[PDB]
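> My structure file target00.cif, mmCIF, C-alpha atoms, is below:
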data_run
loop_
_atom_site.group_PDB
_atom_site.id
_atom_site.type_symbol
_atom_site.label_atom_id
_atom_site.label_comp_id
_atom_site.auth_asym_id
_atom_site.auth_seq_id
_atom_site.Cartn_x
_atom_site.Cartn_y
_atom_site.Cartn_z
ATOM 1 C CA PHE A 1 138.230 42.301 132.675
ATOM 2 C CA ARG A 2 139.857 44.947 130.588
ATOM 3 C CA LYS A 3 138.971 48.612 130.669
ATOM 4 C CA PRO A 4 138.852 49.864 127.078
ATOM 5 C CA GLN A 5 140.942 52.960 126.744
ATOM 6 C CA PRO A 6 140.428 55.910 124.423
ATOM 7 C CA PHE A 7 142.666 55.478 121.409
ATOM 8 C CA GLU A 8 144.064 57.526 118.489
ATOM 9 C CA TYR A 9 145.610 56.737 115.087
ATOM 10 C CA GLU A 10 147.750 59.445 113.354
ATOM 11 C CA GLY A 11 146.903 60.454 109.841
ATOM 12 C CA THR A 12 147.973 63.280 107.520
ATOM 13 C CA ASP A 13 145.258 65.473 105.889
ATOM 14 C CA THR A 14 141.969 64.123 107.182
ATOM 15 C CA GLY A 15 140.940 63.001 110.649
ATOM 16 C CA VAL A 16 137.811 61.178 112.021
ATOM 17 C CA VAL A 17 136.136 61.341 115.443
ATOM 18 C CA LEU A 18 134.156 58.133 116.307
ATOM 19 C CA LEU A 19 131.724 58.342 119.211
ATOM 20 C CA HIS A 20 130.589 55.178 120.822
ATOM 21 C CA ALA A 21 127.176 53.857 122.077
ATOM 22 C CA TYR A 22 125.415 53.960 125.425
ATOM 23 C CA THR A 23 126.686 51.039 127.590
ATOM 24 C CA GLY A 24 129.363 50.674 124.873
ATOM 25 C CA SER A 25 132.975 51.696 124.690
ATOM 26 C CA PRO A 26 135.844 52.427 122.251
ATOM 27 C CA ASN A 27 135.622 48.692 121.323
ATOM 28 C CA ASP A 28 132.427 49.676 119.469
ATOM 29 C CA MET A 29 134.757 51.343 116.961
ATOM 30 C CA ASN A 30 137.685 48.844 116.730
ATOM 31 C CA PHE A 31 136.912 47.555 113.146
ATOM 32 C CA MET A 32 135.819 50.947 111.918
ATOM 33 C CA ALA A 33 138.737 52.871 113.265
ATOM 34 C CA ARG A 34 141.107 50.283 111.690
ATOM 35 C CA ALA A 35 139.222 50.364 108.390
ATOM 36 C CA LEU A 36 139.840 54.108 108.374
ATOM 37 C CA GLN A 37 143.458 53.621 109.300
ATOM 38 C CA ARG A 38 144.000 51.229 106.313
ATOM 39 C CA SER A 39 142.673 54.054 104.085
ATOM 40 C CA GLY A 40 145.065 56.652 105.507
ATOM 41 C CA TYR A 41 142.790 58.532 107.843
ATOM 42 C CA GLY A 42 143.521 59.636 111.331
ATOM 43 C CA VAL A 43 141.029 58.483 113.976
ATOM 44 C CA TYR A 44 140.188 59.389 117.546
ATOM 45 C CA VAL A 45 137.856 57.350 119.751
ATOM 46 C CA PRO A 46 137.233 58.874 123.137
ATOM 47 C CA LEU A 47 135.728 57.107 126.170
ATOM 48 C CA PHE A 48 132.501 58.610 127.642
ATOM 49 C CA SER A 49 132.419 59.077 131.450
ATOM 50 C CA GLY A 50 130.876 56.190 133.362
ATOM 51 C CA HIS A 51 131.646 53.768 130.539
ATOM 52 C CA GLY A 52 134.175 51.020 130.210
ATOM 53 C CA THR A 53 134.295 49.677 133.786
ATOM 54 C CA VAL A 54 133.089 46.392 135.302
ATOM 55 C CA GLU A 55 130.392 48.231 137.129
ATOM 56 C CA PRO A 56 127.245 49.214 135.119
ATOM 57 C CA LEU A 57 126.130 51.729 137.759
ATOM 58 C CA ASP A 58 129.073 53.898 136.834
ATOM 59 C CA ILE A 59 127.215 54.750 133.617
ATOM 60 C CA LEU A 60 124.163 55.874 135.610
ATOM 61 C CA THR A 61 125.992 57.674 138.435
ATOM 62 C CA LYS A 62 129.210 58.953 136.807
ATOM 63 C CA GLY A 63 127.927 59.893 133.364
ATOM 64 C CA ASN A 64 125.261 62.110 131.878
ATOM 65 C CA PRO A 65 124.414 63.684 128.519
ATOM 66 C CA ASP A 66 125.910 67.024 129.426
ATOM 67 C CA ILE A 67 129.237 65.490 130.433
ATOM 68 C CA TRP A 68 129.258 63.301 127.260
ATOM 69 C CA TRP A 69 128.488 66.335 125.118
ATOM 70 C CA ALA A 70 131.528 68.161 126.679
ATOM 71 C CA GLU A 71 133.699 65.144 125.994
ATOM 72 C CA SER A 72 132.435 64.880 122.395
ATOM 73 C CA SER A 73 133.116 68.508 121.748
ATOM 74 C CA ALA A 74 136.633 68.219 123.347
ATOM 75 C CA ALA A 75 137.275 65.269 120.979
ATOM 76 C CA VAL A 76 136.246 67.243 117.947
ATOM 77 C CA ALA A 77 138.470 70.222 119.052
ATOM 78 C CA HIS A 78 141.413 67.800 119.496
ATOM 79 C CA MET A 79 141.044 66.734 115.906
ATOM 80 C CA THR A 80 140.192 70.038 114.244
ATOM 81 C CA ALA A 81 143.432 71.568 115.633
ATOM 82 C CA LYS A 82 145.381 68.839 113.851
ATOM 83 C CA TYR A 83 143.875 67.922 110.503
ATOM 84 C CA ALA A 84 142.914 69.911 107.455
ATOM 85 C CA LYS A 85 139.598 68.060 107.338
ATOM 86 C CA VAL A 86 137.649 66.388 110.122
ATOM 87 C CA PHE A 87 134.623 64.056 109.999
ATOM 88 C CA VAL A 88 132.513 63.112 112.994
ATOM 89 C CA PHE A 89 130.450 59.901 113.224
ATOM 90 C CA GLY A 90 128.612 58.284 116.121
ATOM 91 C CA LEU A 91 126.865 54.967 116.994
ATOM 92 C CA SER A 92 123.499 55.335 118.749
ATOM 93 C CA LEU A 93 124.233 57.664 121.763
ATOM 94 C CA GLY A 94 127.374 58.929 120.020
ATOM 95 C CA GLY A 95 125.291 59.760 116.900
ATOM 96 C CA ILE A 96 123.230 62.328 118.811
ATOM 97 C CA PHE A 97 126.418 64.055 119.842
ATOM 98 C CA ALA A 98 127.808 63.720 116.226
ATOM 99 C CA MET A 99 124.699 65.506 114.875
ATOM 100 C CA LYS A 100 124.880 68.225 117.548
ATOM 101 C CA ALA A 101 128.526 68.795 116.600
ATOM 102 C CA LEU A 102 127.487 69.349 113.005
ATOM 103 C CA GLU A 103 124.714 71.646 114.205
ATOM 104 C CA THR A 104 126.761 73.766 116.664
ATOM 105 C CA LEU A 105 130.593 73.278 116.395
ATOM 106 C CA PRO A 106 132.923 74.959 113.919
ATOM 107 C CA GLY A 107 135.333 73.284 111.550
ATOM 108 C CA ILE A 108 133.597 70.071 110.622
ATOM 109 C CA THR A 109 133.609 68.991 106.976
ATOM 110 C CA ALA A 110 130.922 66.280 107.317
ATOM 111 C CA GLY A 111 129.637 63.539 109.565
ATOM 112 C CA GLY A 112 126.686 61.372 110.510
ATOM 113 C CA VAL A 113 125.203 58.477 112.413
ATOM 114 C CA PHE A 114 125.294 54.716 112.712
ATOM 115 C CA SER A 115 121.987 53.362 114.078
ATOM 116 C CA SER A 116 120.947 56.721 115.667
ATOM 117 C CA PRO A 117 117.670 58.160 114.356
ATOM 118 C CA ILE A 118 117.930 60.954 116.992
ATOM 119 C CA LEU A 119 114.115 61.574 117.090
ATOM 120 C CA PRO A 120 113.035 59.712 120.293
ATOM 121 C CA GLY A 121 110.750 56.734 119.698
ATOM 122 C CA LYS A 122 109.864 53.220 120.589
ATOM 123 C CA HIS A 123 113.106 51.702 121.940
ATOM 124 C CA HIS A 124 114.335 48.676 123.878
ATOM 125 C CA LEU A 125 117.081 50.275 125.931
ATOM 126 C CA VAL A 126 115.675 49.207 129.298
ATOM 127 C CA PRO A 127 115.883 45.472 128.504
ATOM 128 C CA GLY A 128 119.164 46.131 126.667
ATOM 129 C CA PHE A 129 120.778 47.915 129.632
ATOM 130 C CA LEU A 130 119.669 45.214 132.123
ATOM 131 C CA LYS A 131 120.893 42.443 129.901
ATOM 132 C CA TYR A 132 124.219 44.268 129.558
ATOM 133 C CA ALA A 133 124.380 44.724 133.398
ATOM 134 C CA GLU A 134 123.471 41.070 133.814
ATOM 135 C CA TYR A 135 126.337 39.910 131.543
ATOM 136 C CA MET A 136 128.813 42.287 133.192
ATOM 137 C CA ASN A 137 127.895 41.081 136.680
ATOM 138 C CA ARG A 138 128.082 37.421 135.683
ATOM 139 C CA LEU A 139 131.532 38.229 134.333
ATOM 140 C CA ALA A 140 132.728 39.878 137.547
ATOM 141 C CA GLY A 141 130.923 37.555 139.951
ATOM 142 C CA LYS A 142 129.037 40.496 141.429
ATOM 143 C CA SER A 143 125.530 40.016 142.714
ATOM 144 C CA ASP A 144 122.676 41.260 140.547
ATOM 145 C CA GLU A 145 122.080 45.020 140.724
ATOM 146 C CA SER A 146 118.721 45.429 138.943
ATOM 147 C CA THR A 147 116.988 47.336 141.756
ATOM 148 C CA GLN A 148 119.564 50.158 142.023
ATOM 149 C CA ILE A 149 119.758 50.263 138.239
ATOM 150 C CA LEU A 150 115.986 50.904 138.046
ATOM 151 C CA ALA A 151 116.300 53.857 140.424
ATOM 152 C CA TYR A 152 118.506 55.652 137.827
ATOM 153 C CA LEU A 153 117.858 54.155 134.448
ATOM 154 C CA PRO A 154 114.465 55.833 133.765
ATOM 155 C CA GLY A 155 116.016 59.125 134.854
ATOM 156 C CA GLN A 156 119.025 58.831 132.583
ATOM 157 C CA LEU A 157 117.073 57.553 129.622
ATOM 158 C CA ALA A 158 114.819 60.561 130.090
ATOM 159 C CA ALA A 159 117.838 62.969 130.125
ATOM 160 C CA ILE A 160 119.149 61.331 126.975
ATOM 161 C CA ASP A 161 115.799 61.823 125.195
ATOM 162 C CA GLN A 162 115.569 65.337 126.377
ATOM 163 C CA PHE A 163 119.038 66.037 125.029
ATOM 164 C CA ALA A 164 118.045 64.235 121.821
ATOM 165 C CA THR A 165 114.913 66.375 121.224
ATOM 166 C CA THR A 166 116.973 69.542 121.233
ATOM 167 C CA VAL A 167 119.261 67.983 118.725
ATOM 168 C CA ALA A 168 116.228 66.923 116.642
ATOM 169 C CA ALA A 169 114.813 70.450 116.799
ATOM 170 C CA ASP A 170 118.101 71.947 115.513
ATOM 171 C CA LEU A 171 118.513 69.516 112.583
ATOM 172 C CA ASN A 172 117.604 72.518 110.357
ATOM 173 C CA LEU A 173 120.996 74.028 111.252
ATOM 174 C CA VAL A 174 122.969 71.238 109.521
ATOM 175 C CA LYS A 175 124.586 72.374 106.244
ATOM 176 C CA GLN A 176 127.254 69.633 106.021
ATOM 177 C CA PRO A 177 126.986 66.394 104.040
ATOM 178 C CA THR A 178 125.430 63.852 106.420
ATOM 179 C CA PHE A 179 125.808 60.077 106.476
ATOM 180 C CA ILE A 180 122.943 57.907 107.804
ATOM 181 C CA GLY A 181 123.471 54.223 108.394
ATOM 182 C CA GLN A 182 120.691 52.203 110.024
ATOM 183 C CA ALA A 183 120.407 48.536 110.996
ATOM 184 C CA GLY A 184 117.442 46.783 109.274
ATOM 185 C CA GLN A 185 116.754 44.379 112.117
ATOM 186 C CA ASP A 186 117.539 46.820 114.887
ATOM 187 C CA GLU A 187 116.458 45.316 118.176
ATOM 188 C CA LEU A 188 117.170 48.393 120.393
ATOM 189 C CA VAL A 189 116.036 51.563 118.647
ATOM 190 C CA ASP A 190 113.296 52.219 116.132
ATOM 191 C CA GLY A 191 114.990 52.185 112.761
ATOM 192 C CA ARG A 192 111.901 53.669 111.128
ATOM 193 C CA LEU A 193 112.735 56.988 112.652
ATOM 194 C CA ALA A 194 115.961 57.210 110.530
ATOM 195 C CA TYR A 195 113.758 58.189 107.549
ATOM 196 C CA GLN A 196 112.487 61.077 109.541
ATOM 197 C CA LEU A 197 116.074 62.073 110.493
ATOM 198 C CA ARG A 198 116.654 62.031 106.737
ATOM 199 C CA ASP A 199 113.649 64.319 106.069
ATOM 200 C CA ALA A 200 114.395 66.820 108.812
ATOM 201 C CA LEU A 201 117.841 67.587 107.362
ATOM 202 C CA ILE A 202 116.343 70.118 104.988
ATOM 203 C CA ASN A 203 119.495 72.288 104.695
ATOM 204 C CA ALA A 204 122.208 69.594 104.524
ATOM 205 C CA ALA A 205 124.374 69.658 101.381
ATOM 206 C CA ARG A 206 123.530 66.018 100.903
ATOM 207 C CA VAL A 207 122.160 63.138 102.866
ATOM 208 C CA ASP A 208 123.793 59.770 102.095
ATOM 209 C CA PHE A 209 121.371 57.159 103.436
ATOM 210 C CA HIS A 210 122.065 53.420 103.845
ATOM 211 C CA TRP A 211 120.023 50.611 105.223
ATOM 212 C CA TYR A 212 121.686 47.424 106.320
ATOM 213 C CA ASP A 213 118.962 44.822 105.723
ATOM 214 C CA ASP A 214 119.605 41.852 108.063
ATOM 215 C CA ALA A 215 121.835 43.549 110.621
ATOM 216 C CA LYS A 216 121.199 44.051 114.228
ATOM 217 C CA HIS A 217 121.927 47.414 115.995
ATOM 218 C CA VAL A 218 125.750 47.563 116.377
ATOM 219 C CA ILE A 219 126.481 47.660 112.722
ATOM 220 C CA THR A 220 130.072 48.783 113.433
ATOM 221 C CA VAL A 221 130.814 45.318 114.813
ATOM 222 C CA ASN A 222 128.291 42.818 113.350
ATOM 223 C CA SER A 223 127.904 41.375 109.899
ATOM 224 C CA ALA A 224 127.047 44.790 108.348
ATOM 225 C CA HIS A 225 130.437 46.352 109.353
ATOM 226 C CA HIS A 226 132.294 45.628 106.095
ATOM 227 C CA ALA A 227 129.583 47.292 104.065
ATOM 228 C CA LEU A 228 129.322 50.126 106.526
ATOM 229 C CA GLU A 229 133.045 50.721 106.291
ATOM 230 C CA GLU A 230 132.925 50.789 102.493
ATOM 231 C CA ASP A 231 130.004 53.191 102.507
ATOM 232 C CA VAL A 232 131.512 55.589 105.134
ATOM 233 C CA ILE A 233 134.822 55.713 103.268
ATOM 234 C CA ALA A 234 133.126 56.245 99.889
ATOM 235 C CA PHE A 235 131.160 59.028 101.667
ATOM 236 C CA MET A 236 134.321 60.694 102.887
ATOM 237 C CA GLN A 237 136.059 60.367 99.498
ATOM 238 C CA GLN A 238 133.097 62.000 97.808
ATOM 239 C CA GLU A 239 133.793 64.987 100.026
#
Now that the file is in, can you turn its structure into structure tokens?

Amino acid sequence: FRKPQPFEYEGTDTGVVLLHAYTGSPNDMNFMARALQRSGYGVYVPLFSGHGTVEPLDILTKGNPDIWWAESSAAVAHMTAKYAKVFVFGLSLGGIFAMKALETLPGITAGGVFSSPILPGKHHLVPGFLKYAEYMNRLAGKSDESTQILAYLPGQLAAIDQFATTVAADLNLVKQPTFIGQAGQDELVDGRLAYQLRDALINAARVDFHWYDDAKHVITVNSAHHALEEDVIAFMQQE
């Protein structure tokens, strides 16, 4: 099994921070990052604590939203020191942190979310996590771990939501152009709620909203990802 590392591509004028999903990793962003590289952008994809090991508990015991928010904000600072212009995008978990960056951190031109409505809702992250843990354990030949996972998972999902609601409450503070991409057959979060993310952004310079009709959640990797790439790059060019 291979631990995904953080990775960076050098650019010239404009740089992009890509923040990955819960139970995900920098691999979430492999196509996207490279799409951006082919169009001359710099790209940085950090790894969130707890993520990217063979052991799913590490996410629950070594990571939390406050740590991941520090790491997101360090990743933005890395890039804003370097590039004239910096965009920040995030998938699911990473999207929350991307929107909080736009709300609270200096020096960002624009940014947005892939499949991350922010507003907490009806989600399927409990089955998703366990299924993930189940695959990872099968892979490593480690005995099921569902019981110890269920001692933490509710807790950490709660902390995520709590973090999210603060971000939702501060959506009024966003003045930047904001990209929203949402999967149209999202099996993990409630895509509906992306329309409400749209409507809450009452002070944003624009909101560029896209809906990817037949795609499941991880639209950075699945069949939507070519369209998503086109749309994100057209978004950035427009600004």
> Can you turn the PyMOL selection byres ((chain A and resi 80-94) around 6) into a concrete residue list for this file, as a PyMOL selection string?
chain A and resi 13-22+77-79+95-98+108-116
> May I have the residues from that selection written out with C-alpha atoms, as a CSV table (one decimal), in the coordinates of the input?

chain,number,residue,atom,x,y,z
A,13,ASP,CA,145.3,65.5,105.9
A,14,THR,CA,142.0,64.1,107.2
A,15,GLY,CA,140.9,63.0,110.6
A,16,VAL,CA,137.8,61.2,112.0
A,17,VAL,CA,136.1,61.3,115.4
A,18,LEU,CA,134.2,58.1,116.3
A,19,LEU,CA,131.7,58.3,119.2
A,20,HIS,CA,130.6,55.2,120.8
A,21,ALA,CA,127.2,53.9,122.1
A,22,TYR,CA,125.4,54.0,125.4
A,77,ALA,CA,138.5,70.2,119.1
A,78,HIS,CA,141.4,67.8,119.5
A,79,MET,CA,141.0,66.7,115.9
A,95,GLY,CA,125.3,59.8,116.9
A,96,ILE,CA,123.2,62.3,118.8
A,97,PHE,CA,126.4,64.1,119.8
A,98,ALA,CA,127.8,63.7,116.2
A,108,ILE,CA,133.6,70.1,110.6
A,109,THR,CA,133.6,69.0,107.0
A,110,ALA,CA,130.9,66.3,107.3
A,111,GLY,CA,129.6,63.5,109.6
A,112,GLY,CA,126.7,61.4,110.5
A,113,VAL,CA,125.2,58.5,112.4
A,114,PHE,CA,125.3,54.7,112.7
A,115,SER,CA,122.0,53.4,114.1
A,116,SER,CA,120.9,56.7,115.7
> In Å, how far is it from CA of residue 69 (chain A) to CA of residue 160 (chain A)?
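Going from CA of residue 69 (chain A) over to CA of residue 160 (chain A), I get 10.8 Å.
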> Quick one: which residues end up in the PyMOL selection byres ((chain A and resi 71) around 10) for this structure, as a PyMOL selection string?
chain A and resi 19+46-49+65-70+72-77+97
> Okay, now the selection with C-alpha atoms, as a short mmCIF file (atom, residue, chain, number, x, y, z; two decimals), keeping the file's coordinate frame?

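Saved as out_21.cif:
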data_model
loop_
_atom_site.label_atom_id
_atom_site.label_comp_id
_atom_site.auth_asym_id
_atom_site.auth_seq_id
_atom_site.Cartn_x
_atom_site.Cartn_y
_atom_site.Cartn_z
CA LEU A 19 131.72 58.34 119.21
CA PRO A 46 137.23 58.87 123.14
CA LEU A 47 135.73 57.11 126.17
CA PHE A 48 132.50 58.61 127.64
CA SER A 49 132.42 59.08 131.45
CA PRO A 65 124.41 63.68 128.52
CA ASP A 66 125.91 67.02 129.43
CA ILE A 67 129.24 65.49 130.43
CA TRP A 68 129.26 63.30 127.26
CA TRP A 69 128.49 66.33 125.12
CA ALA A 70 131.53 68.16 126.68
CA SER A 72 132.44 64.88 122.40
CA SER A 73 133.12 68.51 121.75
CA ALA A 74 136.63 68.22 123.35
CA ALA A 75 137.28 65.27 120.98
CA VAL A 76 136.25 67.24 117.95
CA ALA A 77 138.47 70.22 119.05
CA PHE A 97 126.42 64.06 119.84
#
> Please provide the set of residues having any atom within 7 Å of residue 187 (chain A), restricted to all atoms listed in the file, with same-chain residues fewer than 2 positions apart removed, written as a list in words.
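Listed by chain and then number, they are residues 124, 185, 189, 216 and 217 of chain A.
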> Suppose a student applies the PyMOL selection byres ((chain A and resi 103) around 7) to this structure; what residues should they get, written as a list in words?
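So the PyMOL selection byres ((chain A and resi 103) around 7), applied here, picks out residues 99, 100, 101, 102, 104, 105, 170, 171, 173 and 174 of chain A.
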> Produce a file of the selected residues containing C-alpha atoms, as a compact mmCIF listing (two decimals), keeping the file's coordinate frame.

# COMPACT_ATOMS: atom_id res chain seq x y z
CA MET A 99 124.70 65.51 114.88
CA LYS A 100 124.88 68.22 117.55
CA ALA A 101 128.53 68.80 116.60
CA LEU A 102 127.49 69.35 113.00
CA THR A 104 126.76 73.77 116.66
CA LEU A 105 130.59 73.28 116.40
CA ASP A 170 118.10 71.95 115.51
CA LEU A 171 118.51 69.52 112.58
CA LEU A 173 121.00 74.03 111.25
CA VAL A 174 122.97 71.24 109.52
> Neighbouring residues of residue 131 (chain A) were defined as those with any atom within 12 Å, considering all atoms listed in the file; residues of the same chain fewer than 3 positions away were excluded. Please report them as a list in words.
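So, after excluding close chain neighbours, the residues are residues 23, 56, 124, 125, 126, 127, 128, 134, 135, 136, 137, 138, 144, 145, 146, 149 and 188 of chain A.
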> Extract, using all atoms listed in the file, all DNA, RNA and protein residues at most 9 Å from residue 55 (chain A), discarding same-chain residues fewer than 2 positions from it, and format them as a ChimeraX atom specification.
/A:50-53,57-59,133,136-137,140,142
> Any idea what the distance is between CA of residue 221 (chain A) and CA of residue 11 (chain A)?
22.6 Å
> Compare A:150, A:36, A:118, A:45 by their minimum atom-to-atom distance to residue 197 (chain A), counting all atoms listed in the file, and give me the closest one.
A:118
> So how many Å separate CA of residue 120 (chain A) and CA of residue 25 (chain A), to one decimal?
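Answer for the CA of residue 120 (chain A) to CA of residue 25 (chain A) separation: 21.9 Å.
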> List the neighbours of residue 159 (chain A) out to 9 Å using all atoms listed in the file; skip same-chain residues closer than 4 positions along the sequence, and give me the result as a ChimeraX atom specification.
/A:64-65,154-155,163-164
> May I ask which of the residues A:180, A:215, A:29, A:236 is the closest one to residue 44 (chain A), counting all atoms listed in the file?
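Under the stated criterion, the closest residue is A:29.
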> Could you name the residues that touch residue 34 (chain A) at 9 Å or less, counting all atoms listed in the file, but leaving out those on the same chain fewer than 4 positions away, as a list in words?
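Answer for this query is residues 9, 29, 30, 38, 39 and 43 of chain A.
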> Please determine, counting only C-alpha atoms, which residue among A:193, A:204, A:119, A:183 has the shortest atom-to-atom distance to residue 167 (chain A).
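Answer, going by the shortest atom-to-atom distance: A:119.
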> From the set A:117, A:139, A:24, A:157, which residue has the shortest atom-to-atom contact distance to residue 1 (chain A), counting only C-alpha atoms?
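For residue 1 (chain A), the nearest of the candidates is A:139.
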> Which is closest to residue 27 (chain A) among A:218, A:227, A:234, A:168, if we use only C-alpha atoms?
A:218
> What are the centre and edge lengths in Å, to one decimal, of the axis-aligned box around all listed atoms of region 118-132 of chain A with 6 Å added on each side, as JSON?

{"center_x": 117.0, "center_y": 52.0, "center_z": 124.6, "size_x": 26.4, "size_y": 31.1, "size_z": 27.1}
> May I ask which of the residues A:6, A:239, A:205, A:35 is the closest one to residue 225 (chain A), counting all atoms listed in the file?
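Comparing A:6, A:239, A:205, A:35 against residue 225 (chain A), the winner is A:35.
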> Taking (120.3, 37.1, 106.6) as a centre in this file's frame and 12 Å as the limit, can you find every polymer residue with an atom that close, using only C-alpha atoms, and give them as number ranges by chain?
A: 184-185, 212-216, 222-224
